[PDB]
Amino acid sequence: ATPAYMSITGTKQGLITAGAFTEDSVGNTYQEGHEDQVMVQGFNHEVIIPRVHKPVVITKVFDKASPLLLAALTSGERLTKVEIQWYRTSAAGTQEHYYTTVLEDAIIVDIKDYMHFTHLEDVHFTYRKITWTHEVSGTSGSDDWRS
């Protein structure tokens, strides 16, 4: 309904989310239109003034990317771009992309696999920079990670 979809390009692995939202990768969960992304079912992030950024935290289900993301994590591989695309039901009753969150030069700092979409997986990124854009109303803003 109002899910996010994500893409990862790793310096070593290329597009990590390639063919990752497909019948093969997700099975009965598959919906067309986002075949080279991953279906984000979670999100948490926080910037505070004691600025200090906190790691970005997404949640997905087990998939084609998953074994790759671990490789990423355990390898210490810099992620050239992680880009989170936000979706909503528009005012005219159609699904639309209306917000973007984007990491530049991100690094995966931890992963947790757990069963509760019953097969789950949270992934955490730090990054050198993050950009928030509103896609319909045209507002945008970005910033450099601190601490």
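Numbers for residues come from their place in the sequence shown, where the first is 1.
Going from residue 116 to residue 117, you skip over 4 to 9 residues of the deposited sequence that the entry leaves unmodelled.
The gap between residue 50 and residue 51 holds 10 or more unmodelled residues of the deposited sequence. Two stretches are in play, 38-46 and 87-95, and the higher mean C-alpha B-factor belongs to 87-95. Sorting 61, 56, 109, 82 by the CA temperature factor given in the entry leaves 56 at the top. Annotation for residue 127: CA B-factor lies in the middle third of the chain's modelled residues. Among the modelled residues of the chain, residue 120 sits in the highest third by CA temperature factor in this PDB entry. Among the modelled residues of its chain, residue 101 has a C-alpha B-factor that falls in the middle third, as given in the PDB entry. Sorting the modelled residues of the chain by their CA temperature factor places residue 4 in the lowest third. The PDB entry assigns residue 66 a C-alpha temperature factor belonging to the lowest third of its chain's modelled residues.
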